[PDB]
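# Structural characterization, general
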2 protein chains.
Amino acid sequence: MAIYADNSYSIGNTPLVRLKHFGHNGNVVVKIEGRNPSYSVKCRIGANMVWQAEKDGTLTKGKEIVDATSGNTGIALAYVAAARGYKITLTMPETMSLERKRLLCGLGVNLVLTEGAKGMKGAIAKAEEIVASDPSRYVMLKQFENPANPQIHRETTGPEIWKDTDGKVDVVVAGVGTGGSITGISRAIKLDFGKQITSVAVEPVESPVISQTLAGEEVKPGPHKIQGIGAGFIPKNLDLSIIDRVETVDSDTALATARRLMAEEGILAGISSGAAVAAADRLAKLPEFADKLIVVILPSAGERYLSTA
Amino acid sequence: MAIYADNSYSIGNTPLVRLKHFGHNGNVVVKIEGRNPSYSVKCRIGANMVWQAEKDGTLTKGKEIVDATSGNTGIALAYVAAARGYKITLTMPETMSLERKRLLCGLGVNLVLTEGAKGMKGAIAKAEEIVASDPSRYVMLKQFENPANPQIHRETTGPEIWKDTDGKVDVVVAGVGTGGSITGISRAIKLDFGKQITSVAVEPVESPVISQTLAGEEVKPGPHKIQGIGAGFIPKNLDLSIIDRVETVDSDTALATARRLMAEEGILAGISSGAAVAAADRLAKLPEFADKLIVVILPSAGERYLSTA
């Protein structure tokens, strides 16, 4: 057989494509996370956070999911909630784009808009109030600290990279949001496969908080246009111990690099995908990395309307 | 190994998911064509029409692709042209949505807008003029009659359905645009595997031209909102001989059914995906089809902004 009992179980097995106009002699290869149920790397963790919450008794028939997000992880949780029969509340500011509202209403989400002036703070409060209102009803899965998040990457994303390269991967380049990807991938290859690879974290030069921490310098975040990376703090799901190297990238370059992915490689991916590649391209063009296979996570699919396509 | 030398070669291997709120006892299973390079069933034929044109000498270094389309097949050709280093012209009316323009410019297409008043006729003329201007330069791959189109479905889409069901598929339900899908799938299972399945074509009740032809009645098309099916004529790539059954569906139902796919199954698919499912659900709820595995092509991914999400 090979028929998924629901859409959640179809996560991953995403492809590796070799880049032609990046790297040297084809040392740069990309893994298309756009090719997922809800079209992002995130529905891997959408799937396993719900599954883990089930297995350990925190999520049960009748019980409902609450989360203060509207990005790839909201969409991801939505599809699994729809797929598995959970009611879901996502809180976000009333200033969110009609687009994202429409997409999430479509997936059967109860949309609680919070005050726009309260920014993201205010959506987090409103989620948290709903949870205090009845703690036997609503569950917050908490992507930033939930081990289920990096656990899925250790069990699927990581092994898939091992498999499809035949143990030949030397370098892994992954933008950091929750840190879940890099953490899980790196644990799989270094610890379950026993290969001493170079794991490279990627962050906005505008918010170089991983770089600052490790240098022992004032953590100072700021705004950037690289959606889904550069949270402005070190997440619990970032395991600083498996990070070999930290590469910073600027918005403009992430943008331009995602543009190039389209017109020169024919790969529709997101801003963070560009960020990831510019970092890899830089590494790949250093002689110390000449004869080394570098693998890059492209987190999302390009189909948007705001800076780029 | 398993690293694609370019994005074109990553086509297919798309998943089968079982529906919970459709069919009976889970006799309805869906194959997610959203999970492709350019995010549609079409980049399967984007890939193989170019490959075939290469193998037989019609497409060569320097030579350029021209096509009067802007739907899934334009996007598909774009990604392969970008992936393989071909210049591409797509003609379409100047009335196309900024969205589709932006997406295609992004993939490195030369966009030739034709008069809006000339409708689709006028884009076809303008393509055809460019081809007459220099026949050693520009090539029209012609999805409606190109055998490479159904050939890819015989070689990939069909086998994948065979494999993942373990020879247990009984019914195949597929909306008709070019006919390429149904034709290729059905040839694979009936002729290469030797299983006497029921191939079901799906069309808008508003343009029931397959139904009319076979009844020997006046072919009379009309407008419908089911994007990518119901062309208003019988394509050469529709092999009427392998069609067992023709199911008509209305726009409203296709729409509503795609809405249900989202909120009840957590599957983001397109209008034509809804059309496909309502037809399958109807068949699946007939006792003659009770103990039969029905497989449905979901051609596209939902991420749009016009009627639905």
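Residues numbered from 1 in each chain as written, not as in the entry; some residues may be left out. Chains lettered and ligands numbered in written order. Heavy atoms only, no water. Residues with missing side-chain atoms left out of burial classes, pairs and counts.

X-ray crystallography is the method the PDB entry lists for this structure, together with a resolution of 2.271 Å.

For clarity, the cut-off: UniProt positions are given in the numbering used here, feature names are shortened, and annotations may be inferred rather than shown by experiment.
In the nomenclature of the PDB entry, chain A corresponds to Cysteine synthase from the organism Haemophilus influenzae Rd KW20. Quoted verbatim from the Pathway field of the UniProt record, the comment on chain A reads "Amino-acid biosynthesis; L-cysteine biosynthesis; L-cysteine from L-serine: step 2/2." Within the UniProt record for chain A, the comment given under Sequence similarities is "Belongs to the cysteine synthase/cystathionine beta-synthase family."

## A few points about the overall build of chain A
In plain terms, the rule: Runs of E in the DSSP output that reach at least two residues are strands. Runs of H or I that reach at least four are helices, and both are numbered from the N terminus. Here the globule rule is a power law, 2.2 Å times the number of residues to the power 0.38, and the radius of gyration is based on C-alpha atoms. Residue contacts are counted whenever heavy atoms from the two residues lie within 4.5 Å of one another.
Along chain A, the regular secondary structure elements total 9 helices and 11 strands. Against the 2.2 N^0.38 benchmark of 19 Å for 309 residues, chain A shows a C-alpha radius of gyration of 19 Å, consistent with a compact globule. For chain A, the C-alpha atoms occupy an extent of roughly 60 × 50 × 40 Å along the three principal directions. Contacts in chain A between residues at least 24 apart in sequence constitute 71% of all its contacts with a sequence separation of at least 6.

## A closer look at the UniProt feature "binding site: hydrogen sulfide" in chain A
Put simply, the rule reads: Residue exposure (1.4 Å probe, protein chains only): buried if accessible area is under 20% of the type maximum, exposed if over 50%, otherwise partly exposed.
This chain's UniProt record puts "binding site: hydrogen sulfide" on A:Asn7, A:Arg35 and A:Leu268. Separation in sequence by 262 residues is matched in space for these annotated residues, since their most distant C-alpha atoms are 22.7 Å apart. Among the structural elements, A:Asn7 can be located in the loop between β1 (3-4) and β2 (16-18). Taking the relative accessible area as the measure of exposure, A:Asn7 reaches 3% and is therefore buried. Beyond its immediate chain neighbours, meaning those up to four positions away, A:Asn7 contacts A:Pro37, A:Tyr79, A:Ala83, B:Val17, B:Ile32, B:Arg35, B:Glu265, B:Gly266 and B:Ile267.

## A word on the packing of aromatic side chains
To keep it simple, the criterion reads: Only centres within 6.5 Å qualify two rings of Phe, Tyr or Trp (six-membered ring in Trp) as a pair; their planes then separate them into stacked at under 30 degrees, edge-to-face at over 60, and tilted for everything else.
Taken as a whole and judged by the stated rule, the model has 7 aromatic pairs over all chains. Here the aromatic rings of A:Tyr39 and B:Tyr39 are separated by 5.7 Å at their centres, their planes lie at 70 degrees, and the arrangement is edge-to-face. Taken together, the residues span two chains, with A:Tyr39 in the loop between β3 (28-32) and α1 (42-55) and B:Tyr39 in the loop between β3 (28-32) and α1 (42-55). Taking relative accessible area as the criterion, A:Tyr39 reaches 6% and is therefore assigned buried.

## A look at the domain arrangement of chain A
Residue and element names in this part refer to chain A. Worth spelling out the cut-off: Residue ranges for the domains trace back to a domain assignment, done automatically or taken from a database. For any pair of parts, buried area is found by adding up, for both, the accessible area (1.4 Å probe) each one loses once the two are put together. For salt bridges, the criterion is a side-chain nitrogen of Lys or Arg within 4 Å of an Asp or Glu carboxyl oxygen. Here the nonpolar group is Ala, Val, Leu, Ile, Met, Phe, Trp, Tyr, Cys and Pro; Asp, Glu, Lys and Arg are the charged ones; every other residue, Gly included, is treated as polar.
Segmenting chain A into domains produces domain 1 (7-41 + 146-298) and domain 2 (64-135). On a C-alpha basis, the centroid separation for the pair domain 1 and domain 2 is 27 Å. Contacts between the two partners involve 7 residues from domain 1 and, on the opposite side, 7 residues from domain 2. For the pairing of domain 1 and domain 2, the buried interface totals around 520 Å² over both sides, and the portion due to carbon and sulfur atoms is 58%. Counting across the interface, domain 1 meets domain 2 through 0 salt bridges. Split by residue class, the side of domain 1 that touches domain 2 holds 3 nonpolar, 4 polar and no charged.

## Looking at the relation of the copies chain B and chain A
The criterion, for reference: Copies are aligned to one another through a least-squares fit of their C-alpha atoms.
By a simple turn and slide, chain B fits onto chain A: the slide is 0.0 Å along the axis, the RMSD is 0.0 Å, and the turn is 180 degrees. The operation mapping one copy onto its partner corresponds to a two-fold rotation axis. Looking at the rotation axis and the C-alpha trace of chain B, the residue lying nearest is B:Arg35, at 2.5 Å. Both copies contact each other with a shared surface, as 100% of the interface residues of chain B are interface residues in chain A too.

## A few points about the pairing of strand β8 (residues 169-175) of chain B
All names here are of chain B. Definition in use: A pair of strands counts as paired when DSSP detects no fewer than two bridges linking them.
Counting buried positions along β8 yields 6 of 7 residues, so the element is predominantly enclosed. Where β8 and strand β11 (residues 293-298) come together, 4 bridges link them in parallel fashion. The residue bridging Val173 from the neighbouring strand is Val296, located in β11. Pairing of β8 with strand β9 (residues 198-204), which is carried by 5 bridges, proceeds in the parallel orientation.

## Let's talk about the environment of B:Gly34
Take B:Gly34: it is sitting in the loop between β3 and α1. B:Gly34 sits 266 residues away from B:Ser300 along the chain, and the two C-alpha atoms are 4.6 Å apart. Not counting the four nearest positions on each side in its chain, B:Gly34 is found in contact with A:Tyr39, B:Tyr39, B:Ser40, B:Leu298, B:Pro299, B:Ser300 and B:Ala301.

## Considerations on the sheet that holds strand β8 (residues 169-175) of chain A
Threshold: For helices, the fitted line uses only the C-alpha atoms of the stretch in contact; every axis is such a line through C-alpha atoms, and the angle between N-to-C directions lies from 0 to 180 degrees.
Spatial ordering of the open sheet is given by β10(A)-β9(A)-β8(A)-β11(A)-β3(A)-β2(A)-β1(B), a layout of 7 strands whose pairing is mixed. Looking at the sheet topology across the chains shown, the edges are occupied by β10 (245-249) of chain A together with β1 (3-4) of chain B. Bridge count for β3(A) against strand β11 (residues 293-298) of chain A is 5 bridges, and the pairing is parallel. Its bridge partner lying in β11(A), A:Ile32 is registered against A:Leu298. On top of the sheet, helix α6 (residues 180-192) of chain A reaches β8, β9 (198-204) and β11 of chain A; it is set at about 165 degrees to β8(A), its chief contact.

## Re the environment of B:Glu99
Residue and element names in this part refer to chain B. Mapped onto the elements of the fold, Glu99 is located in helix α3 (residues 98-106). A residue is classified by how much of its surface remains accessible, and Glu99, at 52% relative accessible area, is exposed. Linking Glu99 and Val202, residues 103 residues apart in sequence, is a C-alpha distance of 28 Å.

## What about the sheet that holds strand β4 (residues 64-67) of chain B?
Residues and elements named next belong to chain B. Across the sheet, which stays open at both edges, the 4 strands sit in the order β6-β5-β4-β7 with parallel pairing between neighbours. Of all strands in the sheet, those with a lone pairing partner are β6 (110-114) and β7 (138-139), marking the two edges. The sheet contact formed by β4 and strand β5 (residues 88-93) spans 3 bridges and is parallel. Residue pairing for β5: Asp67 is matched across the bridge by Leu90. Packing of α3 onto the sheet brings it into contact with β5 and β6, and relative to β6 it is tilted by some 150 degrees.

## Quick word on helix α5 (residues 148-165) of chain A
All names here are of chain A. Selection rule: Expected helix span is given by 1.5 Å per residue-to-residue step, counting one fewer step than there are residues. At any given residue, the bend is defined as the angle formed between two axes, one fitted to the seven residues that end at that position and one fitted to the seven that begin there.
Spanning 18 residues, α5 covers 25 Å between terminal C-alpha atoms, matching the ideal 26 Å at 1.5 Å per step. Roughly 35 degrees is the biggest bend found in α5, and it falls at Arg154. Note on α5: the residue one or two positions beyond its end, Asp166, has a positive phi of about 65 degrees.

## So, the side chain of A:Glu33
Residue and element names in this part refer to chain A. The criterion, for reference: Identification of polar contacts relies on pairs of N or O atoms within 3.5 Å, with a donor-acceptor requirement for protein atoms, meaning one able to donate a hydrogen and the other able to accept it, and with residues adjacent in sequence counted only if both atoms are side-chain atoms.
Take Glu33: it is sitting in the loop between β3 and α1. Reaching out from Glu33, the side chain makes a polar contact with the side chain of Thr14 at a distance of 2.7 Å. Setting aside residues no more than four positions away along its own chain, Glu33 makes contact with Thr14, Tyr39, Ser40, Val41, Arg44, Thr157, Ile297, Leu298 and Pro299.

## Describing the pattern of salt bridges
Any two side chains of opposite charge can pair, so long as their charged atoms come close to each other. If you walk through the whole model with that rule in mind, you get 24 salt bridges over all chains. Residue B:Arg245 is joined to B:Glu247 by a salt bridge in which the shortest nitrogen-to-oxygen separation is 2.5 Å. Overall, the relative accessible area of 12% leaves B:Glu247 in the buried class. Within this structure, A:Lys31, A:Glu33, A:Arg44 and A:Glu160 form a network of salt bridges that share partners.

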